[PDB]
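K.L.:
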Amino acid sequence: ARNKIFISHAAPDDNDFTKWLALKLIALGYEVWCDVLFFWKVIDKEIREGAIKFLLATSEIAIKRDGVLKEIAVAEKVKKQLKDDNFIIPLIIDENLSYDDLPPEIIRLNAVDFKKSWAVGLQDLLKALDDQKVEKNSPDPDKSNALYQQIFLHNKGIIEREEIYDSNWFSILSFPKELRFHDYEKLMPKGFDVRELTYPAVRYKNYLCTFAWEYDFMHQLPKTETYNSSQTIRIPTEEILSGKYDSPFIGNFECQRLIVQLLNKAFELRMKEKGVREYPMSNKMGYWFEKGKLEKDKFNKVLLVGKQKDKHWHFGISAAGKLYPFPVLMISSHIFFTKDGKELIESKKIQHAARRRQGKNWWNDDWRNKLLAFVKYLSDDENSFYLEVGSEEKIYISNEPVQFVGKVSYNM
Amino acid sequence: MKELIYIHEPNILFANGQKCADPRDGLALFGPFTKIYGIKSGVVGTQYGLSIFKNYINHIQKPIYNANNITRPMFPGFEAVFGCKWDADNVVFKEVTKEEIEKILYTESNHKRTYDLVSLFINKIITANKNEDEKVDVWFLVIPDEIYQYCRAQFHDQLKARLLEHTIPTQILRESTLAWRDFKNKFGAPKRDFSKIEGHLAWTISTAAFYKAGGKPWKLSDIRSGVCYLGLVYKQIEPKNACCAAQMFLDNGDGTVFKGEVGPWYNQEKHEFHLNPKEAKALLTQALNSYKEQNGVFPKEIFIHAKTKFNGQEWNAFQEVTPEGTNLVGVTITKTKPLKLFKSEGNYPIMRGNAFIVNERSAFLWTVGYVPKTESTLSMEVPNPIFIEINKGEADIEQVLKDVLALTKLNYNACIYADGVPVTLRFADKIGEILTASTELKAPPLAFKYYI
RNA sequence: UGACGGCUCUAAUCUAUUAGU
DNA sequence: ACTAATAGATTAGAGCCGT
Ligand SMILES: [Mg+2]
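Heads up: the protein sequence lines correspond to chains A and B, in order. Using the working numbering, the letters of the first sequence correspond one by one to residues 1 to 412. Using the working numbering, the letters of the second sequence correspond one by one to residues 1 to 452.
1. Touching or not, the segment 84 to 100 of chain A and the segment 49 to 63 of chain A, by the rule of three or more beta carbon pairs under 8 Å?
2. For the beta strand (DSSP E) that residue 395 of chain A lies in, which residues bound it at each end?
3. Short of 7 Å in beta carbon distance, which residues of its chain neighbour residue 214 of chain B, apart from the five on each side in sequence? Order them along the chain.
4. Terminal residues of the continuous alpha helix (DSSP H) containing residue 404 of chain B?
5. Tell me which same chain residues have a C-beta within less than 6 Å of the C-beta of residue 308 of chain A, skipping the five on either side of it?
6. Determine the extent of the beta strand (DSSP E) in which residue 174 of chain A is found, giving its start and end residues.
7. What are the start and end residues of the beta strand (DSSP E) that includes residue 329 of chain A?
8. What did DSSP end up calling residue 89 of chain A once you bin it into helix, strand or coil?
9. I'd like the list of long-range same chain contacts for residue 126 of chain B, defined as Cβ closer than 7 Å, with 5 residues on each side in sequence excluded.
10. Restricting to Cα atoms, I'd like to know which of A/35, A/155, A/112 is closest to residue 25 of chain B.
11. So with CB distances below 7 Å, who are the chain B contacts of residue 117 of chain A?
12. The beta strand (DSSP E) that contains residue 391 of chain B, what's its start and end?
13. Chain A partners of residue 356 of chain B, CB-CB under 8 Å?
14. At the level of alpha carbons, what is the spacing between residue 123 of chain A and residue 26 of chain A?
15. Just list the residues that DSSP pairs residue 34 of chain A with in beta bridges.
16. For a quick check, are the C-beta atoms of residue 331 of chain B and residue 390 of chain B less than 7 Å apart?
17. Which chain B residues sit within Cβ distance under 9 Å of residue 416 of chain A?
18. Please work out which residues of its chain come closer than 7 Å, Cβ to Cβ, to residue 93 of chain B, disregarding the five sequence neighbours upstream and downstream, and give them in chain order.
19. Less than 6 Å between the CB of residue 245 of chain B and some heavy atom of ligand 1, yes or no?
20. Give the secondary structure of residue 85 of chain B by DSSP, where H, G and I count as helix, E and B as strand, and everything else as coil.
21. When the Cα of residue 58 of chain B is compared with those of A/342, A/68, A/117, which residue comes out closest?
22. In three-state terms, what does DSSP make of residue 59 of chain B?
23. Just checking residue 434 of chain B against ligand 1 - is the residue's beta carbon closer than 6 Å to any of the ligand's heavy atoms?
24. Can you check whether the CB of residue 263 of chain A is closer than 7 Å to the CB of residue 202 of chain A?
25. Kindly say whether residue 108 of chain A, judged by its beta-carbon, lies nearer than 7 Å to any beta-carbon of chain B.
26. Whose CA, out of B/401, B/320, B/322, B/173, lies closest to the CA of residue 355 of chain B?
27. Which residues, in order along the segment 328 to 359 of chain A, keep a beta-carbon less than 9 Å from a beta-carbon of chain B?
28. Residues of chain A with CB closer than 8 Å to the CB of residue 149 of chain B, please, in chain order.
29. From this set, A/174, A/173, A/218, which residue's C-alpha is nearest residue 184 of chain A's C-alpha?
30. Are at least three pairs of beta-carbons, each pair with one atom in the segment 189 to 196 of chain A and one in the segment 337 to 356 of chain A, less than 8 Å apart?
31. At the level of alpha carbons, what is the spacing between residue 198 of chain A and residue 365 of chain A?
32. Can you confirm whether residue 378 of chain B, when its beta carbon is compared against all beta carbons of chain A, has any partner nearer than 7 Å?
33. Please report the residue range of the beta strand (DSSP E) in which residue 288 of chain B lies.
34. What number of angstroms, rounded off, separates the C-alpha of residue 136 of chain A from the C-alpha of residue 438 of chain B?
35. Rounding to the nearest angstrom, what Cα-Cα distance links residue 416 of chain A and residue 153 of chain B in this structure?
36. Assuming residue 240 of chain B contacts residue 266 of chain B (C-beta within less than 8 Å), just tell me the rounded distance between them.
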């Protein structure tokens, strides 16, 4: 039997109204038939046998739409056979539609007003439906729930394919197998900075902890020639990496702290020989390319130094190596700005403002490509790059970041 | 090859207990969990401000269509969503003259300037509440731009703070927001363009007004029963810190109750962002007693979370005041270590809800990502995930992730898809910003309606 | 302060170690 | 005991732009 309420309207524009109203009517127990909710033969079929009401979402375009007037024309025809004057109900929604441009098949009828607020119109619509004794089922949120999801709460679906995510963690490929604690307390002249040594080294207790050997420090550390190379404490790094090493001389936490300090100092030092221009941050160290150092100021077909209006933007990175969860080199992306590609703008506010605007242009792929290309410049061999910590002691960094795979994806 | 586990989106209850994942869709389709009869407006502004407010209310009476209707859902209209009436003609208007604002602004003392600017509005609000028989549910303060830019010991913080003893829900609306079209930065275009996001603005303002007027737009249900999700925030006073607590739990009727649990807990210490044992014991006794009075029995778990890590002494105090049969879980949520995941091939960020498990005691959770529901990612740039560390106690690192993700979905101050940080922490932050903006209160109200 | 988010700039604490008071 | 330095750590804030 005819127990369905046909809803007609413009296909590309009136979707929002009809979707809300159809879902609203479905939630109330009615049986609604909307093309968006759910071919011309089929459309006519319902209006000719299945439809019990013909609600016309009337607007300044729904009355100029050739396909809608055809649905009206068949609706006028069906209305006559049913001997029901109350078959077509003109829901007027458009603000500027004012009862003088209505098509002649609807002008003779009284609309249901939705121009001022949808809620009263739905209140008006329901009143007309009950006044006309349109049957309706129970508003059970079960089969109705199905339509709701089929419409929106099924769209929530999460495509279950596998994706690969490129992070900004670069693992440390290798460490020296042994950590050495030298003794130059009697050999360390007063006022000398441990940071000025050619190799990274930290003054822990009455010792000097570094990954270099004793004679590695000779020009920087004088009297080390006379120093007995047996005045040093040896500690397997892997033991401390596992946390096993925990002697009263030094704890595992402190030893890993010193390892991190050596890593950061070594990264800072290598950047000096890597030929990258440094820009100081508040609490970290940024590195970027002086204009002209790269070929055509770009690498790996990815532009790393460019121009923004009167200023030159320079992609920059800052490295902080961490041992947790596992030894990696956390790299962070930055943008540095110069006047003519030579010297840095000395206003932090101006630099921040320039970056905030430049950030709009770049995207996910834009940041990934720039980061990966900038890291690949650091590469010494084919698949990594080494950081100097001793004369013959190297630490190897993968030039590719760690890949993370996920079981979840979107339409993209 | 590193494996990322996925945490699915939780569902939030709506009218008749129906579930959805987006407030902007769940409300527009189903309606609020609890319906109010209507909202009596209250306006403290100029004639210009009153005209703007009435224009905006009548504007949100009609449906609001934003440019990208597909990605951000449109606004049906206030009564069409919430089911109550919000008319612009029921305004108990209290006029503020630009001249009295001008004489206030000319005072040399900046602290006295801001105190007097707060005092004008709050005293007019108090006068109307005690004199006008017209019941006002929410007082909407249409402030001009001169207040916002000249006055900068904050106007908003003190204004919300100095009304706490009277318990008056308030909503500040800068006239730049309501009249954004007629507020241009001399170029001929609006200072901030709401054109493509007008519908979302209507959503946010209407949701804030509905919440502050006694309505509950939506409630949560995808959280473990018997657990009191409790959040601490520390705020600086210059050398004192100020702890504020917010608690969320399921009741006997299985209804989530989200309420603040704040008591004064001031600590002056060299070692900052830590509580003395007395303050911690007070904190926990207050929360446990609140749960006891709401539900009768004691919680089966006290899921304490914070942006900082707990030391030994305060945890021992926590355990000492805790009864038997109740477990304590202290979780630290940090958002500082940059772990930016770039998708290999594509142009849209990692999906929200992905989680990287470090180990049995830590994880990374992407509470900000790309949500297919709106097709609009919550982050313009690459989203930094939150580091969830089970500092103390025993817990399942995936259960904690899903619990935090659930707690990220109760921001009533904005009708966004979900919050980047758990809501209890953000609302406790707001409380701390407000409760520390005036004199100490004997008993601050425990309803967020007065704060947000 | 309708909001959210990224970022930038400061600041302190904690811990270790040495120096000094 | 207390100050200074070198760190990394852990937290605050202030703010400034984007949408
Ligand atoms: Mg608010």
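Each residue gets a CB set at the ideal place from its N, CA and C atoms; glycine is no exception.
P.N.:
The relevant details are as follows:
1. yes
2. Along the first sequence, read from residue 1 onward, the residue named residue 395 of chain A stands at position 395. For residue 395 of chain A, the uninterrupted beta strand (DSSP E) segment begins and ends at 394 to 398.
3. As a first step, residue 214 of chain B is located in the second sequence; it is residue number 214 there, counting from the start. Scanning its chain for C-beta atoms nearer than 7 Å, with the 5 sequence neighbours on each side dropped, one finds around residue 214 of chain B the residues 36, 137, in chain order.
4. Start at 1 with the first residue of the second sequence, and residue 404 of chain B comes out as number 404. Counting along the chain, the alpha helix (DSSP H) containing residue 404 of chain B begins and ends at 397 to 407.
5. Taking the first sequence and counting its residues from 1, one reaches residue 308 of chain A at position 308. Here the set comprises 358.
6. Walking along the first sequence from the start, residue 174 of chain A turns up at place 174. Its beta strand (DSSP E) spans residues 169 to 174.
7. On the first sequence, residue 329 of chain A is found 329 positions in, with the first residue counted as 1. Counting along the chain, the beta strand (DSSP E) containing residue 329 of chain A begins and ends at 328 to 338.
8. As a first step, residue 89 of chain A is located in the first sequence; it is residue number 89 there, counting from the start. DSSP places residue 89 of chain A in strand when its eight states are reduced to three.
9. Here residue 126 of chain B refers to the residue found at position 126 of the second sequence. Around residue 126 of chain B: 166.
10. The sequence position of residue 25 of chain B within the second sequence is 25, counting from 1. Comparing Cα positions, the closest option is A/155.
11. Residue 117 of chain A sits at position 117 when you count from the first residue of the first sequence. Chain B residues near residue 117 of chain A: 61, 62, 77, 79, 80.
12. If you number the second sequence from 1, residue 391 of chain B lands on position 391. 386 to 392 is the extent of the beta strand (DSSP E) around residue 391 of chain B.
13. Looking up residue 356 of chain B in the second sequence gives position 356. Per Cβ cutoff of 8 Å: 404.
14. Translated into positions along the first sequence, residue 123 of chain A becomes position 123. Translated into positions along the first sequence, residue 26 of chain A becomes position 26. Near 15 Å, if we compare the C-alpha coordinates of residue 26 of chain A and residue 123 of chain A.
15. Your numbering for residue 34 of chain A matches position 34 in the first sequence. Answer is A/7.
16. For this step, residue 331 of chain B is matched to residue 331 along the second sequence. For this step, residue 390 of chain B is matched to residue 390 along the second sequence. Closer than 7 Å, so yes.
17. In this structure chain A extends from 1 to 412, so residue 416 of chain A is not present and cannot be described.
18. The count along the second sequence starts at 1 and reaches residue 93 of chain B at position 93. Answer for residue 93 of chain B: 43, 50, listed in chain order.
19. Translated into positions along the second sequence, residue 245 of chain B becomes position 245. No, since every heavy atom of ligand 1 falls outside the 6 Å radius drawn around the Cβ of residue 245 of chain B.
20. To locate residue 85 of chain B, count along the second sequence from 1; it is residue 85. It is a strand residue.
21. Taking the second sequence and counting its residues from 1, one reaches residue 58 of chain B at position 58. The shortest Cα separation from residue 58 of chain B among A/342, A/68, A/117 belongs to A/117.
22. Within the second sequence, numbered from 1, the residue matching residue 59 of chain B stands at position 59. Note: residue 59 of chain B maps to helix in three-state DSSP.
23. The residue you call residue 434 of chain B lines up with position 434 of the second sequence. For ligand 1, not one heavy atom lies less than 6 Å from the Cβ of residue 434 of chain B.
24. To locate residue 202 of chain A, count along the first sequence from 1; it is residue 202. To locate residue 263 of chain A, count along the first sequence from 1; it is residue 263. Against a cut-off of 7 Å, the Cβ pair of residue 263 of chain A and residue 202 of chain A comes out as no contact.
25. As a first step, residue 108 of chain A is located in the first sequence; it is residue number 108 there, counting from the start. Not closer than 7 Å to any Cβ of chain B, the Cβ of residue 108 of chain A fails to qualify, so no.
26. Counting from 1 along the second sequence, the entry for residue 355 of chain B is found at position 355. Residue B/401 is the option with its Cα nearest to residue 355 of chain B.
27. 330, 331, 332, 333, 359
28. Looking up residue 149 of chain B in the second sequence gives position 149. In chain order: nothing, as chain A lies at least about 18 Å away.
29. As a first step, residue 184 of chain A is located in the first sequence; it is residue number 184 there, counting from the start. Of the candidates A/174, A/173, A/218, the one whose C-alpha sits nearest the C-alpha of residue 184 of chain A is A/218.
30. By the Cβ criterion, the segment 189 to 196 of chain A is not in contact with the segment 337 to 356 of chain A, since fewer than three pairs of Cβ atoms, one from each stretch, lie closer than 8 Å.
31. To locate residue 198 of chain A, count along the first sequence from 1; it is residue 198. To locate residue 365 of chain A, count along the first sequence from 1; it is residue 365. Computed Cα separation, rounded: 38 Å.
32. Stepping through the second sequence from its first residue, residue 378 of chain B is reached at position 378. For residue 378 of chain B, the answer is no, since every Cβ of chain A falls outside 7 Å of its Cβ.
33. Taking the second sequence and counting its residues from 1, one reaches residue 288 of chain B at position 288. That residue, residue 288 of chain B, is in no beta strand (DSSP E); its alpha helix (DSSP H) goes 277 to 295.
34. As a first step, residue 136 of chain A is located in the first sequence; it is residue number 136 there, counting from the start. As a first step, residue 438 of chain B is located in the second sequence; it is residue number 438 there, counting from the start. Approximately 58 Å between the Cα atoms of the pair.
35. The first residue shown for chain A is 1 and the last is 412, placing residue 416 of chain A beyond what the model contains.
36. Residue 240 of chain B sits at position 240 when you count from the first residue of the second sequence. Residue 266 of chain B sits at position 266 when you count from the first residue of the second sequence. Rounded, the Cβ-Cβ distance is 6 Å, consistent with contact.
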